[PDB]
Amino acid sequence: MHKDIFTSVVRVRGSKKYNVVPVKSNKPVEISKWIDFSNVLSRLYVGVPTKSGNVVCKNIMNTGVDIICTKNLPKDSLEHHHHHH
């Protein structure tokens, strides 16, 4: 229609079960910048296991837009429902 919501996969550097995180933008971006931002993420390593809606870089490429990961990264899997066999 006009612009598309940026959504890409960035590398997450750390021991947190997963390896990469799906990130999205708060505001619509032109598809030409979707590639451009993904290029940035290709040199970028997120090292924070966080909840959904976490801002990695605000004003990416100095645009005024927010890039947020919407996947929940479980770094330490501490489940205390079961004991242990």
# chains A, B, ... in the order shown; residues from 1 in each chain; ligands from 1
$ select_by_dssp --residues "stretch 28-65 of chain A" --states "alpha helix (DSSP H)" --output "JSON, numbers by chain"
{"A": [31, 32, 33, 34, 35, 36, 37, 38, 39, 40, 41]}
$ closest_residue --among "A:42, A:50, A:62, A:70" --to "residue A:22" --atoms "only C-alpha atoms"
A:70
$ residues_around --residues "residue A:10" --least-positions-apart "4" --cutoff "8 Å" --atoms "only C-alpha atoms" --output "number ranges by chain"
A: 20-23, 38, 41-42, 44-46
$ residues_around --residues "residue A:66" --least-positions-apart "2" --cutoff "8 Å" --atoms "only C-alpha atoms" --output "PyMOL selection string"
chain A and resi 25-27+55-60+64+68
$ write_last_selection --atoms "N, CA, C and O atoms" --output "PDB file, in the first residue's frame"
ATOM      1  N   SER A  25       9.559  -3.794  13.340  1.00  0.00           N
ATOM      2  CA  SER A  25       9.581  -2.368  13.582  1.00  0.00           C
ATOM      3  C   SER A  25       8.224  -1.884  14.070  1.00  0.00           C
ATOM      4  O   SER A  25       7.192  -2.517  13.827  1.00  0.00           O
ATOM      5  N   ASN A  26       8.242  -0.767  14.780  1.00  0.00           N
ATOM      6  CA  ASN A  26       7.028  -0.157  15.303  1.00  0.00           C
ATOM      7  C   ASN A  26       6.279   0.602  14.213  1.00  0.00           C
ATOM      8  O   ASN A  26       5.048   0.655  14.217  1.00  0.00           O
ATOM      9  N   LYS A  27       7.020   1.175  13.275  1.00  0.00           N
ATOM     10  CA  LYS A  27       6.424   1.998  12.231  1.00  0.00           C
ATOM     11  C   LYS A  27       6.769   1.457  10.844  1.00  0.00           C
ATOM     12  O   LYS A  27       7.807   0.822  10.664  1.00  0.00           O
ATOM     13  N   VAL A  55      13.469  -3.110  22.550  1.00  0.00           N
ATOM     14  CA  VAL A  55      14.118  -2.266  21.557  1.00  0.00           C
ATOM     15  C   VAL A  55      15.614  -2.550  21.495  1.00  0.00           C
ATOM     16  O   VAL A  55      16.322  -2.407  22.494  1.00  0.00           O
ATOM     17  N   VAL A  56      16.086  -2.955  20.325  1.00  0.00           N
ATOM     18  CA  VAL A  56      17.507  -3.188  20.113  1.00  0.00           C
ATOM     19  C   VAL A  56      18.203  -1.874  19.801  1.00  0.00           C
ATOM     20  O   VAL A  56      19.095  -1.429  20.525  1.00  0.00           O
ATOM     21  N   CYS A  57      17.784  -1.258  18.709  1.00  0.00           N
ATOM     22  CA  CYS A  57      18.343   0.008  18.282  1.00  0.00           C
ATOM     23  C   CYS A  57      17.232   0.998  17.975  1.00  0.00           C
ATOM     24  O   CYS A  57      16.365   0.732  17.138  1.00  0.00           O
ATOM     25  N   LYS A  58      17.240   2.122  18.669  1.00  0.00           N
ATOM     26  CA  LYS A  58      16.298   3.187  18.388  1.00  0.00           C
ATOM     27  C   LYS A  58      16.921   4.150  17.385  1.00  0.00           C
ATOM     28  O   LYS A  58      18.101   4.488  17.502  1.00  0.00           O
ATOM     29  N   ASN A  59      16.134   4.567  16.398  1.00  0.00           N
ATOM     30  CA  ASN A  59      16.616   5.437  15.327  1.00  0.00           C
ATOM     31  C   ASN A  59      17.679   4.721  14.503  1.00  0.00           C
ATOM     32  O   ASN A  59      18.795   5.217  14.350  1.00  0.00           O
ATOM     33  N   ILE A  60      17.327   3.559  13.959  1.00  0.00           N
ATOM     34  CA  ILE A  60      18.285   2.769  13.193  1.00  0.00           C
ATOM     35  C   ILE A  60      18.615   3.469  11.876  1.00  0.00           C
ATOM     36  O   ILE A  60      17.714   3.843  11.117  1.00  0.00           O
ATOM     37  N   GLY A  64      14.532   7.446  13.097  1.00  0.00           N
ATOM     38  CA  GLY A  64      13.521   7.805  14.072  1.00  0.00           C
ATOM     39  C   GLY A  64      12.589   6.648  14.354  1.00  0.00           C
ATOM     40  O   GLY A  64      11.560   6.807  15.007  1.00  0.00           O
ATOM     41  N   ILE A  68      12.298  -3.675  17.389  1.00  0.00           N
ATOM     42  CA  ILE A  68      12.024  -4.453  18.587  1.00  0.00           C
ATOM     43  C   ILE A  68      11.926  -5.945  18.284  1.00  0.00           C
ATOM     44  O   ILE A  68      11.321  -6.351  17.293  1.00  0.00           O
TER      45      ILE A  68
END
$ select_by_dssp --residues "chain A" --states "strand (DSSP E or B)" --output "PyMOL selection string"
chain A and resi 4-16+18-29+45-46+54-58+66-69
$ closest_residue --among "A:24, A:15, A:83, A:29" --to "residue A:2" --atoms "only C-alpha atoms"
A:29
$ residues_around --residues "residue A:3" --least-positions-apart "4" --cutoff "10 Å" --atoms "only C-alpha atoms" --output "PyMOL selection string"
chain A and resi 27-34
$ write_last_selection --atoms "C-alpha atoms" --output "mmCIF file, in the first residue's frame"
data_model
loop_
_atom_site.group_PDB
_atom_site.id
_atom_site.type_symbol
_atom_site.label_atom_id
_atom_site.label_comp_id
_atom_site.auth_asym_id
_atom_site.auth_seq_id
_atom_site.Cartn_x
_atom_site.Cartn_y
_atom_site.Cartn_z
ATOM 1 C CA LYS A 27 6.424 1.998 12.231
ATOM 2 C CA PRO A 28 6.049 1.153 8.491
ATOM 3 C CA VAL A 29 9.225 1.244 6.405
ATOM 4 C CA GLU A 30 9.824 1.224 2.659
ATOM 5 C CA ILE A 31 10.882 -2.182 1.317
ATOM 6 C CA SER A 32 14.136 -0.646 0.077
ATOM 7 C CA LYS A 33 15.002 0.121 3.707
ATOM 8 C CA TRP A 34 13.846 -3.326 4.828
#
$ atom_distance --atom1 "atom CA of residue A:63" --atom2 "atom CA of residue A:18"
29.1 Å
$ atom_distance --atom1 "atom CA of residue A:1" --atom2 "atom CA of residue A:69"
24.1 Å
$ closest_residue --among "A:35, A:73, A:5, A:40" --to "residue A:52" --atoms "only C-alpha atoms"
A:73
$ closest_residue --among "A:77, A:6, A:82, A:49" --to "residue A:19" --atoms "only C-alpha atoms"
A:49
$ closest_residue --among "A:37, A:17, A:54, A:61" --to "residue A:74" --atoms "only C-alpha atoms"
A:17
$ atom_distance --atom1 "atom CA of residue A:75" --atom2 "atom CA of residue A:39"
26.0 Å
